[PDB]
Amino acid sequence: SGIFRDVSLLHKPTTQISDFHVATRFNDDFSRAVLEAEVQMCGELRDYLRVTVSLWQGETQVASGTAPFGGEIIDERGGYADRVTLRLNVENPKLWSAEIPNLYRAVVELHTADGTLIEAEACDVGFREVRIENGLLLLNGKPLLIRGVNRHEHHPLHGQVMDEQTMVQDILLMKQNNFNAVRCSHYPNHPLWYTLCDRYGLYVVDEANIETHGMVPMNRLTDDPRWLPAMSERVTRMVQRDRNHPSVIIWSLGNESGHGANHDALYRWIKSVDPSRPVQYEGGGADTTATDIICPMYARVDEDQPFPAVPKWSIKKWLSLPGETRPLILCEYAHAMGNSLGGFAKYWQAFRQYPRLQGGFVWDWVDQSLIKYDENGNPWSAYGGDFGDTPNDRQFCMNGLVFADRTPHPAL
Amino acid sequence: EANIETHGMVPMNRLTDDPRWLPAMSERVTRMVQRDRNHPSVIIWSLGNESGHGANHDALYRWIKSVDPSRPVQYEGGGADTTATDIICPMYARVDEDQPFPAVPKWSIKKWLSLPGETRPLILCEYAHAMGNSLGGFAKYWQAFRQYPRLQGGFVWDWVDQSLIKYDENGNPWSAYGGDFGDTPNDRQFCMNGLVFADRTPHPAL
Ligand code: NA
Ligand code: NA
Ligand code: NA
Ligand code: NA
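Line order of the protein sequences matches chains D and V. Heads up: the first sequence runs through residues 207 to 618, numbered per full-length UniProt numbering. Heads up: the second sequence runs through residues 413 to 618, numbered per full-length UniProt numbering.
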């Protein structure tokens, strides 16, 4: 517990930019793109107010647009007077991907008709299209093979305080070991993480901070309408914060909370607000109506695990169950506890053989061990129960491919 | 099965893609359906064997579906998963190993079930070629059949050896195969693929 992330003061003018969304559309062969910029303002509307959106590729301006406020007619009552939608045409855009993370810079200016700048905001823009077609997850028209890993925010000395240097070290190691994707383990991450993933080229699964593993029967809260407001806040605020990051390709509704009607509601909400990213969720059997991707946890390659209500089929069998057409991406597989990762080659043979097996995220990146000191002051790595902590789960906090100080294990 | 097989054509569908041969093929299909449609034991119609894939096959598939909608229609021709079959019916597709031939690949049956857009059941029209001392790996097929709901089994090739009886100078009979009658270019012992001998004595593989 504590104030474990940054604290800051922000000063804005009374007439201000309150929100802006960016969206990219493409033609069939990705030769033509249209940058969609919707800007919302707060304060008093004046006729002299204008909004300018300019797209910069490194140092040269490639597109720009200016408009007064006032959107298109929405319904019988009219349109949004405090919103403006800018459309920019880009010829032969450079596409963003983990292999080649081409980025543009978008600058949004709120200014007067005479040319006086009031306030500016900016974001990095990546041109990429994620969609599921005919049972395959496609990025820029090509089917992805996910070489992913689950990553907690953990530092052996500072606990759950994250800093830029540790994040950069993690990204470098992951890329050097042929990972191209990361799953934010069961909560939204530090804001700089998505910027770094944009710049260095990693695909990101962004997860809402919802996990009710300890309930019996695990959906007691997520099937209760009285808890719908809190869950909705946790989902909608994450989507509002992170929707402009090109590295975020998939939304996740949480982790290990069963399956409740609240999950279906929030899945539909995300699909309505942000249709440019697929939504996944593992809870309640990994193939429910609240997921676009079959995302089992620790499903085996060839052996079935028939649990009563939530069976873990083998992934090959899972693909061909009657009526099933979705792609399969394991959200957790190859538990890396200690001396582990036996049978990894079988998973990757399966991934390469089957088109609809599009990979998975290993559990997990880094051990969650903490540093203690002996009577001589020599540090040593501690796990559950070493602090006298109330009922604990001993060494199950260390499942990483690297040590807490980022030294590789042999399984890496 | 209708009495249509053009295995020896190059390409295999040279006749079945030709409208001039449509009347003959149509006779062979429609007369069989007219003769046998009342038998309860007949559960599936088949359009023939090893004739490629031609438009004539699509036409006759639709004709059968119109006249007798109470039985599914299958056909292995070119690919085993074309538009002229209700059932994926490959020939000698293996359990776990793919066989990537250029135009008509033989995927492993498990992989075949999950190819994008594929929803049909899979029943092998021929598998476990029982030539001589054979049927190794049969248990793998049956493990697969029991594990996967959409793998609904198959037909072994085949029941009885096609050997003929000849007699020596002493008059003692002996079993003969392909080239033993002086016949024009032959395929030797490939006529004997049965689980039982020609006189219906079981082989060990049975
Ligand atoms: Na694959
Ligand atoms: Na653990
Ligand atoms: Na079966
Ligand atoms: Na034969």
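By construction, the Cβ of each residue, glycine as well, lies at the ideal position given by its N, Cα and C atoms.
Would you say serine 526 of chain D reaches chain V, if we count a Cβ-Cβ gap shorter than 8 Å as a contact?
yes
CB of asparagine 598 of chain V within 8 Å of CB of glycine 606 of chain V, strictly
no
Beta carbon of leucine 342 of chain D, beta carbon of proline 528 of chain D: below 8 Å?
no
Do you know offhand how far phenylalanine 210 of chain D's Cα is from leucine 398 of chain D's?
15 Å
Assign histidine 469 of chain D to one of three DSSP states: helix, strand, or coil.
Looking at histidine 469 of chain D - three-state DSSP - the assignment turns out to be helix.
Run down chain D in chain order and give the residues with a C-beta less than 7 Å from the C-beta of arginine 562 of chain V.
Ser526 and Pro528
Starting from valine 507 of chain D, trace the beta strand (DSSP E) in both directions and tell me its first and last residue.
Here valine 507 of chain D belongs to no beta strand (DSSP E), and DSSP marks it neither H nor E.
Can you check whether the C-beta of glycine 341 of chain D is within less than 8 Å of a C-beta belonging to chain V?
yes
Run the CB neighbour count on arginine 231 of chain D, radius 10 Å, all protein chains shown included, and call it buried at 16 or more, exposed below.
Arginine 231 of chain D comes out exposed.
DSSP three-state label for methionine 604 of chain V, please.
coil
Interface residues of chain C around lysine 522 of chain V at Cβ under 7 Å?
Given the protein chain composition of this structure (D and V), no chain C is represented.
Any Cβ of chain V within less than 8 Å of the Cβ of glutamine 559 of chain D?
yes
Three-state secondary structure assigned by DSSP to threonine 418 of chain D:
coil
Could you check whether the Cβ of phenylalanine 567 of chain D sits closer than 7 Å to any heavy atom belonging to ligand 2?
no
Thinking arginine 334 of chain D and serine 303 of chain D are a contact (beta carbons under 8 Å), I'd like their distance in whole angstroms, please.
6 Å
Using the DSSP secondary-structure output, state which residues sit across from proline 614 of chain D in a beta bridge.
D:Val608
In the DSSP assignment, find the unbroken beta strand (DSSP E) run with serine 260 of chain D in it and report its ends.
255-263
Got a list of residues with beta-carbon closer than 7 Å to any non-hydrogen atom of ligand 4, in chain order?
V:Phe602, V:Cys603 and V:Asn605
What would DSSP say about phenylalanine 275 of chain D, mapped onto helix, strand or coil?
coil
Using a 10 Å radius around the Cβ and a threshold of 16 neighbouring Cβ atoms, would you call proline 274 of chain D buried or exposed?
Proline 274 of chain D is exposed by the Cβ-count criterion.
For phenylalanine 385 of chain D, which three-state DSSP category applies?
coil
Looking at the secondary structure, which residues open and close the beta strand (DSSP E) in which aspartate 448 of chain V lies?
No beta strand (DSSP E) holds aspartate 448 of chain V; the alpha helix (DSSP H) holding it covers 434-448.
Contact defined as beta carbons within less than 8 Å: I believe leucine 379 of chain D pairs with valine 568 of chain D. What is the distance between those atoms, to the nearest angstrom?
Actually they are not in contact, since the Cβ atoms of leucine 379 of chain D and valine 568 of chain D sit about 13 Å apart, beyond 8 Å.
With a threshold of 16 other CB atoms inside 10 Å of the CB of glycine 548 of chain D, please say whether the residue is buried or exposed.
exposed
Same chain, Cβ closer than 6 Å to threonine 258 of chain D, five either side skipped, listed in chain order:
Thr272 and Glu315
Burial state of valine 485 of chain V, where buried means 16 or more other Cβ atoms lie within 10 Å:
buried
To the nearest angstrom, how far is it from the Cα of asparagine 395 of chain D to the Cα of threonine 442 of chain D?
15 Å
Is it the case that the CB of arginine 532 of chain V approaches a heavy atom of ligand 3 more closely than 7 Å?
Exclusion of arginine 532 of chain V from the 7 Å shell around ligand 3 follows from its C-beta lying no nearer than that to any non-hydrogen atom of the ligand.
When burial is assigned at 16 or more other CB atoms within 10 Å of the CB, is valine 355 of chain D buried or exposed?
buried
Ordered along the chain, which non-local residues of its own chain (more than five positions away) have a Cβ less than 6 Å from that of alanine 610 of chain V?
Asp573 and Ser575
Closer than 8 Å is the cut-off here; do at least three beta carbon pairs connect the segment 211-218 of chain D with the segment 231-245 of chain D?
no
How many Å lie between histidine 392 of chain D and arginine 600 of chain D at the Cα?
21 Å
Taking C-alpha atoms, which residue in D:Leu408, D:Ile455 and D:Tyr487 lies nearest to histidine 469 of chain D?
D:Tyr487
In whole angstroms, what is the alpha-carbon distance linking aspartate 595 of chain D and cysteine 537 of chain D?
30 Å
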